Structure formats: structure tokens, C-alpha cells
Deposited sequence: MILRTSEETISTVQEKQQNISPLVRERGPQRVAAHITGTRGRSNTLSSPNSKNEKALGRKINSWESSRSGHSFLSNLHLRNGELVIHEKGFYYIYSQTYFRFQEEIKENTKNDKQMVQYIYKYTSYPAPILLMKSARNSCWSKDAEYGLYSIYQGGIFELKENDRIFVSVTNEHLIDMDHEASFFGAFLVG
């Protein structure tokens, strides 16, 4: 009953790709809440086994050179730690930036989500490429999950 979380920006050998986001708001601060989940070191930690819809939005935003190709791969990864040594990729979503040499800025919000079976004490996190391009405004970048059954 009321197993859900929404957390926001604050304004066997295989390694996870990208860079893990660990600056999600860890305080009860309004759009961010936790209910029968908790947050530790940027990971949502599961208390109740079941099917969870898991989602994240990550806002890539940047301002934009002769002989300088500047293509960007903006990728969001959602990973799980369970009782296995390596993190397990659940979902990935990607964009490329505009290739035009006239490009002066880029706005690329990436949303994805999906339903996964999770066990008690599993840990879920978001990682991204180009993390220095992420805008952590609390309405633009966020991560959440809820128990569907």
C-alpha cells in the first residue's frame, strides 16, 4: 500500500556505462517524496518485492568551431543492483545532437520507463553520458518508481 517514489534534481565483471547521477534531492522537499522505498547514495532501495514501473527524465541542455565535429551522444541508462556482482542494465534511451554547424544550443529532455520485477534490497539508479550537460532543475530531471503489483 503506497509504495512509490519521485526524486528530483536539486536545481559479472561488467561495469555500468555513463556516470551515475547521485545528486537527487535526498530531503522531503515537495516534488520529491519516498513511500516504502528509500534513497541511499543516489540509488532507490526496494523494500517490497513486486512489479515496479520505473522511470526517469534527464534534461540535457547546452550552448554550442572550425574543424571541430562536436557530435554528442546523449544516453540515459537505468540500472539495477541485485544479488549479482555487476549492475544490470534495465533500459537505455539515446539521442544525438543536431549536426548543423549553425547549431547554437541544444535542448534534449529524455524520458523513458518500463515495468520490472524487483526483489527486496534491490537498488536502482540512473546514469548518463555527458553528465556535465545535465540540467538538474527539479521540474526537468527526476527519477521515480511505483509498485504496480
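Visitor: Note down, first to last, the deposited-sequence stretches for which the model contains no C-alpha atom.
Guide: Counting from residue 1, the stretches without coordinates are 1 to 29, 41 to 51, 105 to 106.
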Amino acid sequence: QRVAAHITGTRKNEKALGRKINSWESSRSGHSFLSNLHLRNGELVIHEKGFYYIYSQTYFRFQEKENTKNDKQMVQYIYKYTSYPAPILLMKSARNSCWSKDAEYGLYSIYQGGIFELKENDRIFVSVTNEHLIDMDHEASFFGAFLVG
From here on, numbers count along this sequence of modelled residues.
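Visitor: If you average the CA temperature factors as listed in the entry, which stretch comes out higher, 27 to 35 or 84 to 92?
Guide: If you average the C-alpha B-factors of 84 to 92 and of 27 to 35, the larger mean comes out for 27 to 35.
Visitor: With respect to the recorded C-alpha B factors, which stretch has the higher mean value, 66 to 74 or 104 to 112?
Guide: Mean B over CA atoms: larger for 66 to 74.
Visitor: Report the third (lowest, middle or highest) to which the CA temperature factor of residue 41 belongs, ranking only the modelled residues of the same chain.
Guide: Highest third - that is where residue 41 ends up once the chain's C-alpha B-factors are sorted.
Visitor: Select lowest, middle or highest to describe the third in which the CA B-factor of residue 16 falls within its chain in this entry.
Guide: Its C-alpha B-factor, which the entry lists for residue 16, ranks in the highest third among residues of this chain.
Visitor: Using the temperature factors of the C-alpha atoms in this entry, rank residue 140 within its chain: lowest, middle or highest third.
Guide: Its C-alpha B-factor, which the entry lists for residue 140, ranks in the lowest third among residues of this chain.
Visitor: Rank-wise, by C-alpha B-factor, drop residue 129 into the lowest, middle or highest third of its chain.
Guide: As the PDB entry reports it, the C-alpha B-factor of residue 129 lands in the middle third of its chain.
Visitor: Determine, from the deposited record, the chain-internal third of the Cα B-factor for residue 5: lowest, middle or highest.
Guide: Answer is lowest: the recorded C-alpha B-factor places it there.
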